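One chain is shown next in structure tokens, namely the form deposited in one PDB entry.
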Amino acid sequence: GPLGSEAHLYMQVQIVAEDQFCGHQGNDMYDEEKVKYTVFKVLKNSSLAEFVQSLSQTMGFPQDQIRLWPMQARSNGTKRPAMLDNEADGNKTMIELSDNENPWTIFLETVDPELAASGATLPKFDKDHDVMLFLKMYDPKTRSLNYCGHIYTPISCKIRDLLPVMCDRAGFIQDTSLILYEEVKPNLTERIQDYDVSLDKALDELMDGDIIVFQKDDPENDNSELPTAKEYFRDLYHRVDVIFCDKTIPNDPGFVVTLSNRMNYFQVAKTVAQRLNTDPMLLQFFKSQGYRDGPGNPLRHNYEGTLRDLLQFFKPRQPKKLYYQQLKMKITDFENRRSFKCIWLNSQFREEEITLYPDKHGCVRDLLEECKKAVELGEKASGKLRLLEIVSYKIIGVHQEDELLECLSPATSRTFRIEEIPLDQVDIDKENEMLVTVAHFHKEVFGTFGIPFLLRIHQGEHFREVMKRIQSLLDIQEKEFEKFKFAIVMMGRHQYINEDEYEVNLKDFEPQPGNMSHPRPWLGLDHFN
């Protein structure tokens, strides 16, 4: 709103008291958004000595019984209390001491009120030989930080001489072995390896407002998921909330899961599966799309990246969200299944469309048995299935059960038909019988149509026996059947068979001896549809 005429002469001073440090679970002393201050509107050019006296009066302590430690930013990104020399700077202005920072935050150290009632006085601080250190206790069992206050200590004090104070402030029995760290910055908790050296040597760049975090040295620490403070702070640094949604449930708001940015695929899958009460291998996940919300490409189960890689495209505004779905087979089998579309020719000689799901590494036999488990075979029939390949309404191949599915043509030209073998064809007499392919056409043999079939024929047979086999299979009226002409077709050359002279010689339907590749002769039926 309207700034007053002199507003440019005033700055905000935020005073934080030590009770604001208690309960903080993060790095540094407090969370900048949860911290409660005492706020002062102070002239920029008023003196530090003025402020110290006025504040002592306001907060209710004798001026000797308090000390100011400005909260100061460090190059590594942390914010820590720093020493302020009141006697030597008492005449400097507030804005020059604040380094033009506005608002300016200051930690106000006071004596404990009740303990001060005992006549206790704020000890004196030798700026040249003393350091103010802050203490935190890490409890692995509850996985929590417990604020343990601060201490004045000579730079020359040995780390080992500080262990009694840590034990006493944490409530540990004296001579409890301890592990000690410096909390340098988020994701850097450096263990202190030698307690028999001075603070100056144990800590690199020893300053006021440094932080030692300690914990019991206890076998039971290993029972916790975060046994050390180092791991606690690493986990804290890498924590991230992610919303998971089932992509097969429309407008699903999903549920939140707390994860770590450095989990691999398996850890993420483990966590989400435990909270869905399903097997981890029964889930499929999806990368993000980036710009537009909604699931993206499926995530291969052997993904080698981290959760951070999967989330890297969410801007600070967008809610982190991933998409999954639940499966009925293990993810490795789901990724490996091939959708094989084929025709099932039923016992009534009618086509049905069926999609089977064999493993992409399977053979023809796996496909045939997948289909057999799905259909209703003939009344009293062979109970054996065969797989044909049809192109332009002609049977061009019969595939043996050992061929790999990868060998079959994926071209959409090919129609693959599964059919029950008729009983006269399960085991033909190989010296006088033969299976020939039959296909319908009209005029030139180029124009094929209809349902082709395999037909058993016998040497020496009369051709009207062949026509009656054909007629019984085909199943139409005699008026249509009589019109049918018949031919033997080979390599674009066809000659017509005399229906009433009956010559059936296997040699006329055989390829050149030794040749199994050449498209074999076949029996062409001549009519119209």
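Shifts are known only where both forms have a C-alpha. In this text, rigid core is short for the largest set of C-alphas that superpose within 1.5 Å between two forms. From 1 onward, residues are counted along the sequence shown.
- Modelled in this chain, residue 248 is likewise resolved in all the other entries of the protein that span it on both sides, not missing from even a third of them.
- Missing-residue comparison: residue 118 falls in the unmodelled set for a third or more of the other PDB entries checked.
- Legend: mean Cα B-factor per stretch from the PDB entry, 227 to 235 versus 446 to 454; the higher mean is in 446 to 454.
- On average the C-alpha atoms of 325 to 333 have higher B-factors than those of the other stretch, with 169 to 177 and 325 to 333 being the two compared.
- Out of 161, 252, 139, 194, the entry records its largest CA B-factor for 252.
- When the C-alpha B factors of 189, 306, 198, 278 are read from the deposited coordinates, the top value falls at 278.
- For residue 479, the recorded CA temperature factor ranks within the highest third of the chain's modelled residues.
- Ranked against the other modelled residues of its chain, the C-alpha B-factor of residue 206 as given in the entry falls in the middle third.
- When all modelled residues of the chain are sorted by CA temperature factor, residue 13 is found within the lowest third.
- In this PDB entry, residue 266 carries a Cα temperature factor that places it within the middle third of its chain's modelled residues.
- In the deposited entry, the Cα temperature factor of residue 46 sits in the middle third of values across the chain's modelled residues.
Absent from the display: the form solved in complex with a partner chain. The rest refers to it.
- For the options 342, 135, 188, 122, the one in contact with the partner chain in the entry with it bound, meaning a heavy atom within 4.5 Å, is 188.
- Out of the listed residues 246, 420, 130, 218, 130 is the one that sits within 4.5 Å of the partner chain in the entry with it bound by at least one heavy atom.
- Judged by heavy atoms within 4.5 Å of the partner chain in the entry with it bound, the contact stretch among the candidates 250 to 258, 269 to 277, 324 to 332, 153 to 161 is 153 to 161.
- Proximity of residue 77 to the partner chain in the entry with it bound: non-hydrogen atoms within 4.5 Å are present.
- Put simply, residue 205 is close to the partner chain in the entry with it bound: some heavy atom of it is within 4.5 Å.
- Though the partner is left out of this view, residue 433 does not reach within 4.5 Å of the partner chain in the entry with it bound, counting heavy atoms only.
- Although the partner is absent here, residue 366 is not a contact residue: none of its heavy atoms lies within 4.5 angstroms of the partner chain in the entry with it bound.
- Once both forms are fitted on their rigid core, the CA atom of residue 148 lies 2 Å or more apart between the shown form and the other one.
- With the core held fixed between the shown form and the other one, residue 226 has its Cα displaced by at least 2 Å.
- In sequence order, 6 to 233, 412 to 414 are the runs of at least 3 residues present in both forms whose Cα atoms shift by 2 Å or more between the shown form and the other one once the core is superposed.
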